[PDB]
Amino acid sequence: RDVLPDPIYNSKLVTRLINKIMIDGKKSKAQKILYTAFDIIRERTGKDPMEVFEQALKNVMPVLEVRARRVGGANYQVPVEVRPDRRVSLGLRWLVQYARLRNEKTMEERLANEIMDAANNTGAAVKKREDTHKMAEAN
């Protein structure tokens, strides 16, 4: 299993993200959003958006997770090391989940900001990675 590199950034990560952003099969729209988001980031951070983005990813990606693990004949909610490909998925999912919930009028604005915030280690997605590491710690 593999994905295709986005035209513009030639990035698979970007493809994986245009995926979670996708709604109703309107890919052109989910693409316009992510690229316009990436431009909002550029003009506002004056940085390469891919740089902000990986930073955000780096801060939102869980390393520990708590999952069911039937043992004996019972189910024990347990703390497990998330895997490379899972961290990226969760990260991208969390970045796109909360961004959806934000308040900017626009989803490119909403996606841009959630990514910028997360690049600065704040916002809902980073929180999600925190609670998450929280529970995995406790258990």
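Residues carry their position along the shown sequence, with the first being 1.
Visitor: Per the PDB record, is the mean Cα temperature factor higher over 25 to 33 or over 87 to 95?
Guide: Comparing 87 to 95 with 25 to 33, the higher average CA B-factor belongs to 25 to 33.
Visitor: Mean CA B-factor: is it higher for 45 to 53 or for 62 to 70?
Guide: Averaged over C-alpha atoms, the B-factors run higher in 62 to 70.
Visitor: Out of 81, 114, 108, 39, which residue has the highest Cα temperature factor in the PDB record?
Guide: The record points to 81.
Visitor: Rank-wise, by C-alpha B-factor, drop residue 8 into the lowest, middle or highest third of its chain.
Guide: For residue 8, the deposited C-alpha B-factor lands in the middle third.
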